[PDB]
Amino acid sequence: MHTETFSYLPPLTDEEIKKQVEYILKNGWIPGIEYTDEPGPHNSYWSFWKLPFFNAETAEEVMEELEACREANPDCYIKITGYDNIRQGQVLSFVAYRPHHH
Amino acid sequence: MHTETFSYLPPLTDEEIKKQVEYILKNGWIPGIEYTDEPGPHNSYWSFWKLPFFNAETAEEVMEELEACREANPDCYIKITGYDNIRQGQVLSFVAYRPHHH
Amino acid sequence: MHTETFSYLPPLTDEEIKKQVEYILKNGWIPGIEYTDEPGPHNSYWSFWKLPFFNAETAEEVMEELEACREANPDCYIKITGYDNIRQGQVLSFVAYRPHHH
Amino acid sequence: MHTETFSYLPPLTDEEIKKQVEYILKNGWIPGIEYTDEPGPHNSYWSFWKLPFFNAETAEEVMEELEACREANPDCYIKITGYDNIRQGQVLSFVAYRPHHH
Amino acid sequence: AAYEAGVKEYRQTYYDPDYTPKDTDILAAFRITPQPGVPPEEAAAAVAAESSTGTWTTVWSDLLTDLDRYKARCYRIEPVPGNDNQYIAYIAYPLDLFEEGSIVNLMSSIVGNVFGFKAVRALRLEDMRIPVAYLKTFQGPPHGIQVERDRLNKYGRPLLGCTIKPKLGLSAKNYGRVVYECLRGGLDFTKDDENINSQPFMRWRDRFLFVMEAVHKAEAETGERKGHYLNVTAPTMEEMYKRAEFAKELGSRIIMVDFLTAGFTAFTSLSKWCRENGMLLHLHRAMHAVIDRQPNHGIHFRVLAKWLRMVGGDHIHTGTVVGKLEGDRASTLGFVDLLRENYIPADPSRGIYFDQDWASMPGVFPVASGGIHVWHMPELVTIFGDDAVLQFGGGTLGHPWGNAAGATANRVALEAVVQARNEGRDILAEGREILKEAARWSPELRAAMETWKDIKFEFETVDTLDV
Amino acid sequence: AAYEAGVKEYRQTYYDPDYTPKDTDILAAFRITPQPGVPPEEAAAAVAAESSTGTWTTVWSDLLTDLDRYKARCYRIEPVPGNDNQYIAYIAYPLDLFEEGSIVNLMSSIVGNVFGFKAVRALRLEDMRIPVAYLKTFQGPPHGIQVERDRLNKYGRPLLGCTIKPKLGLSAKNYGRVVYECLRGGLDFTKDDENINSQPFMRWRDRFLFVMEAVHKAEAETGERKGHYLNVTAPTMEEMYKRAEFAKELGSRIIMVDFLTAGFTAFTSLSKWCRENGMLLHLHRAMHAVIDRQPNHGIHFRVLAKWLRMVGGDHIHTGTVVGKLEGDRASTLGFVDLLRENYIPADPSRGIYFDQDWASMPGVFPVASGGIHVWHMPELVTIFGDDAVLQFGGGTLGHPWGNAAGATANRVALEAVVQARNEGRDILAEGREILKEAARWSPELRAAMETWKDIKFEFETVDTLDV
Amino acid sequence: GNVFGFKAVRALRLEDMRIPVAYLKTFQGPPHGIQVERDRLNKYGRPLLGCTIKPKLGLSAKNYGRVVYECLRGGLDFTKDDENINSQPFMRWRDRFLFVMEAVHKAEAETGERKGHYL
Ligand SMILES: O=C(O)[C@@](O)(COP(=O)(O)O)[C@H](O)[C@H](O)COP(=O)(O)O
Ligand SMILES: O=C(O)[C@@](O)(COP(=O)(O)O)[C@H](O)[C@H](O)COP(=O)(O)O
Ligand SMILES: [Mg+2]
Ligand SMILES: [Mg+2]
Ligand SMILES: [Mg+2]
């Protein structure tokens, strides 16, 4: 089960994940977190963890929510998203955490 | 060239025509006069001589208009009509005068 | 698995269920009991417990039937229905008992 | 055979025709002359007498052309036209001369 | 003289105060404001004449037919309470003036030209008596309330919907996301905004695809049947059919149309299509207030309500009374009955001028929508009862925690109110306490109540009944 | 808090008095009457918001899109001369809010819900600026004035028509008779009444058959091209197409539709069909005065005129000014220009709020109809000029000698007036003398003039411009 | 549907029915009806005259056309197929329609009166 962008790289470390979040914020885009236990090609709509973080100012805020999502959903795939309302679409979506049964 | 009702009888005399007009008036129907030089099966609308005689009270009034129509259109077929606005349709239509070239 | 009306409230107590039965009877409607092990959105026809209780006069009668249905079908969902033959349709349907595996 | 504009008026005198030509020129429109022996409703294209008189400066010029057309085509209907290239369409068309067999 | 040419007064032929209407006559009640100097019965006779058989001068061709049998007749004129310049004119139209099954034809007579006459300063069609013999020429609702509840397997409460917001500007995939969140949180329905058709920011086929993925996902996740009213309002009938067919292809149970902006010819075609294809039809009344807002001129909504029930829809917007758009309580209760019941007696206190029989034509779900939120739930359930759709657009997507939470808040509020009603509580007197009870165990409802506490819409009503 | 939930004032987001409209924006001018206590710019901002992107409370989903680029903006609010409670609000809408080629969509936004808000006591859409970039998404008239004149081979005078009477109750064969008499006497056109569709007293196929026999007979007898506007107004699109197709099969050059009662979806389909089938399309505006009569609420006809030219017709009724139906002279001259010209500058004295460019879209024939007779001919030719259809229903069939005489009287009156105008005479000052000149040699005109001498329609105008 | 066959009822005749206007309005009624038909035929003031072709069965298409021509040209308004003339080995229906309509149009042109054969 590949999960699109960065799925062909080794799993990202927390510091590598944070650098992707910093890229989202640096470009003025909105970071978000999504998760699911049904990751296949049929599923356009992973579960939102809260809402996209319109008010997030730092990458650390987002990493803290990622850890919370993982703690609450350790059996799920968890992705980081970046969103641009001007083009109106996601500019980046990648899996940050895979469950043990991957 | 047959002309529908009474066309298979000998031409009607003026007195026979007048009796048909009296039948129209007796039944509360409206007498009228139509004429044409194009009498065939393609023609639903012979020329009106004036309008249907909504105000006619006697058969003689109608016979006088018939003579006037003939005098003015001696080359035409001329029919007497009777009209009922309740059923909304003609109750009688027959040729009273045929031109010499018949 | 949500079960339509009252599914977003806490599970009803027997006392709260009986008040709904009284509401059905008070309005001249016919109480009934239905049950199934297949409660999803594909199933329009849960099993009838007996027939709609056309002759029921008291809510206690219905609660007794409800307990009997539960004892006989403890692994099933059980709903109370209220039925109006004048409009010809159910006026109320809600789940009174959910099985342990819910 | 009615011939569209002014056909329900008495035939125009030469003086009345010239006033219409003056109306055409006064408004900056182009006078023309058309003629035919086939005036019915099937015929969109009467014969041109020469070309539309793009260079005409006086109504008398046009009346002279009208007389010349009539002399050459006494058995034809002859119309005066007024033409506007800005709207791209004729602004006036009327029969000035009808043949003896009319 | 063959006949009497020239101008007569309309009242000589078209005012008959001793006429007794037949049970097959179409009746109209017009609020008429004559010009000064025009007798009220002449103005009323002008309306009767120029909506049936007459024009402005005598024509001989009247004598070709039986004018007595075809003319409309003003059979009653009455003053208006509190206005010495307005009258109610009652006009009777023979049944065979009207094309069978054609509201388009009915309108072309009843409201075709008569609102523009110089002799009439203002004209409002207040009510019509549609006889059973004419009703039987119409399909009526594609399904109607009882069939719809059976098709949805939903009994015992109002249904809950929600217009997606912002009105315009969302992409197709974002539309699907917000729909999924709304439906999965407990709403029965979501919908396109009335002005969401097909646009550069979101083309309709893209929208239908992503929305129906969301609908089916929410239905499987919750276990309750869901629907999104996909809007088939379109420039041409051909486009409208294409959009209806794709909704069906994707498995939608329901579509919507803006029946007035699309118009009654396309509406009648679509209603027949919905019957033939088993599709629920939600009617949005966009543009109605252009016509029905002012008490002195236009057409009251209760007339439009009869016409649209005849052509047929399964839902129709009827107002909220308490929300952001105007809806006079008494009149609204009146035309809700006109839309749902089989027999409605005349009732001056609710603006019902005529007894109306529906000869078993199914009822239409009223839809209460526009500027309502959780605190309105007790009164909404009181006003409309179980057979209504209550829609919360801003009242769902404006929840501080997002759509799923907003949907849960509205669903919890509704069920708590319905439960309390069924238990015998006075939900109007206890409405706030009932909501607070449920907020003790529903944090979603608690937050919704905090968000909109003391938000109310209370204004002087423009379209009121006569005093 | 993820975002700022709760209710804001609309003017915080939707009132921008420093916005400069783009040449691609759709502009609207609304006459708005706020409730007391509602700031005028808040009422105007509510209209802008609820006809574009906004609702009654803040929604997080705004942040998914670029609201700044999609929102409508009220960019100007001005007081109304002589009314301290009305304002003109100017609102600008981005081009990509609108479905291409869809007046239905445009209406669903601009006039969809905003006329019913409690905060707004009354609302009238007075004008719209339709940008060229949106106009190019529409077909426009199937043919338009120049093509129609070329297709009819008629140049240099107004065209003449006539509504058959009595409105309802005639049989098919009688309809053909009266049509034959009218056309053979000199009228270019006759027409079904707007409410003649298909009825028990006369079914449409029977009518079309007998009428077209009459049309072809009159055309052959007179030598001039004739037409009868066969009415295809129908309950369903399927019936409408059937009737249009049979008109074509029988060789009619022209049909009519009641474009408002049928509605804009069916109208748009029919206009496309008329283009594809070479059929002239006469538009009857039945129901318009329900919407456009009152100066305080509704939609002014000049807006409807733009919309119908965009969708496309070849003729449209525009009023008479002097006849039985109301038509303010100044406003009428204004929207006649809006219907015929390629560029119309703003003109407050004629109610034209915006410059309007038509980017070569053909013009539509205005049709003056309703309560006019021969004595009106001088002024009608003066008001409208050559490019108009003047229709005399009662003014033909009410001639004391019948239809052919009535038709000849109107044709003679018209040609005498046109001749006199072209000769340089002042036809307004000399109008009565011109008619009397022609009556000396036309007994038909003489009798028509005797019949309607001193019949006039002069009333105080309800829908007037501001003073 | 079933009530004429019950054991408990020896005989049953439906004599009349009152059809209410509200049910009648759900029906088309005659395609044209008497008034419209008279206008379509341009015939007023007398009953119309028709005629069933005979022998009932056994005539060929061309012979059918001949007898129709002779009937109509002599003053009848109508002729008709017998009720049991449909399509058969002795005369197939398209052949019949072809020859009959040649005869109808010929008789109409010859007499000047509108004719019809009920095919
Ligand atoms: O566009 C709107 O305003 C709505 O989507 C409501 O939005 P909210 O739920 O966010 O208010 C509805 O279309 C209106 O209720 C229609 O008015 P009516 O029902 O009176 O026809
Ligand atoms: O029904 C009628 O009254 C007419 O047939 C006119 O009859 P007359 O010619 O006998 O008056 C036209 O439809 C109106 O002019 C329409 O009004 P408008 O043109 O203002 O839309
Ligand atoms: Mg909406
Ligand atoms: Mg009319
Ligand atoms: Mg037989």
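Every read-out reported here was derived from the displayed coordinates using simple, explicitly stated rules and does not represent laboratory data. Neighbour counts are summed over all protein chains in view; Cβ atoms, including those assigned to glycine, are modelled from backbone coordinates with ideal geometry.
Partner chain Cβ atoms within 10 Å, averaged over the residues of E:156-166 - can you pull that number for me?
On the way: counts 14, 6, 0, 0, 0, 0, 0, 1, 2, 10, 14.
Per-residue shielding by partner chains comes out at 4.
Net charge within 14 Å of F:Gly251 by Cβ-Cβ distance, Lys/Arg positive one each and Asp/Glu negative one each, not counting F:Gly251 itself? Walk me through the numbers before you get to the answer.
Numbers: positive: F:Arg151, F:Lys217, F:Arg225, F:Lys226, F:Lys248, F:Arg253; negative: F:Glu213, F:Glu219, F:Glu245, F:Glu249.
My count for the surroundings of F:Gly251 gives +2.
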Rounded, prolate or oblate: which fits chain G, taking a ≥ b ≥ c as square roots of the Cα gyration tensor eigenvalues, rounded meaning a/c under 1.5, else prolate when a/b beats b/c? oblate
So, in nm and shortest first, the distances from A:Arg98 to its counterparts in the other copies, with label points 7 Å along Cα→Cβ, work out as 3.5, 9.8, 10.6
For segment E:124-188 and segment G:1-31, compute the distance between their C-alpha centroids and round to whole Å. 40 Å
Hey, quick one: spin label on C:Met1, modelled 7 Å out along Cα-Cβ, who in segment E:150-167 has an amide N within reach, i.e. under 20 Å? E:152-155
Here, trypsin sites (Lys or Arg not before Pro) of segment B:1-52 satisfying both criteria (DSSP loop; at most 15 other Cβ within 10 Å) are B:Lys50
Would you tell me which residue of chain A has the beta carbon closest to the rotation axis bringing chain A onto chain C, and how many whole Å away it is? A:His42, 14
How far is helix A:14-26 tilted, in degrees, relative to the longest principal axis of the Cα atoms in chain A, given as a value from 0 to 90 rounded to the nearest 10? 40 degrees
Taking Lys and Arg as +1 and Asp and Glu as -1, residues besides G:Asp77 with C-beta under 15 Å from its C-beta add up to +1
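Trypsin sites (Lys or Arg not before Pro) within segment F:175-234: which are DSSP loop residues with at most 15 other Cβ atoms inside 10 Å? Walk me through the numbers before you get to the answer.
On the way: sites: F:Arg177, F:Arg184, F:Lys191, F:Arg203, F:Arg205, F:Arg207, F:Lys217, F:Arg225, F:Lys226; in loops: F:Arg203, F:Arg225, F:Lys226.
Passing both the DSSP loop test and the Cβ count: no residue.
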With the Cα gyration tensor of the protein assembly as shown giving a ≥ b ≥ c as the square roots of its eigenvalues, does the rule (a/c under 1.5 for rounded; else a/b larger than b/c for prolate; else oblate) give rounded, prolate or oblate? prolate
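Taking only C-alpha pairs under 8 Å that are 6+ residues apart, what is the relative contact order of chain G in percent? List each step's numbers first, then the result.
Numbers: 122 pairs, mean separation 29.5, N = 119.
Worked out over chain G, it gives 25 percent.
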When DSSP beta bridges are limited to those with both residues in the protein assembly as shown, what percentage is antiparallel, rounded to the nearest 5? 70 percent
What is the distance in Å between the Cα centres of segment F:51-107 and segment D:27-73? 57 Å
In whole Å, how far is the Cα centre of segment E:396-467 from that of segment F:378-434? 68 Å
Set E:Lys191/E:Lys324; E:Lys118/F:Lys173; E:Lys71/F:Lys191; E:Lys436/E:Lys456; B:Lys79/G:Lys115; E:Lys8/F:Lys165, cut-off 23 Å on Cα-Cα distance; pairs above it are E:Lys118/F:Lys173
Inside 10 Å of the C-beta atoms of G:19-32, what's the mean count of C-beta atoms belonging to other chains? 4
Cα long-axis angle, helix E:172-184 against chain E (0 to 90 degrees, to the nearest 10): 80 degrees
Run through the DSSP bridge list for segment F:220-364 and note the antiparallel percent, rounded to the nearest 5. 25 percent
Local charge sum around B:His101 (other residues, Cβ-Cβ under 15 Å, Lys/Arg +1, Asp/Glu -1)? -1
Measuring from the longest principal axis of the C-alpha atoms of chain E, the long axis of helix E:40-50 (C-alpha) lies at a number of degrees, nearest 10, equal to 80 degrees
Restricting segment E:1-65 to trypsin sites (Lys or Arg not before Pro) in coil, as DSSP defines it, with at most 16 other Cβ within 10 Å: E:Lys8, E:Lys22
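Where a ≥ b ≥ c are the square roots of the eigenvalues of the C-alpha gyration tensor, would you call chain E rounded, which needs a/c under 1.5, or, failing that, prolate if a/b is larger than b/c, or oblate?
Values: a/c = 2.40, a/b = 1.78, b/c = 1.35.
The shape class here is prolate.
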Chain B: relative contact order as a whole-number percent, Cα under 8 Å and 6+ apart: 33 percent
To the nearest whole number, what is the average tally of beta carbon atoms from other chains within 10 Å of the beta carbons of peptide E:251-264? 4
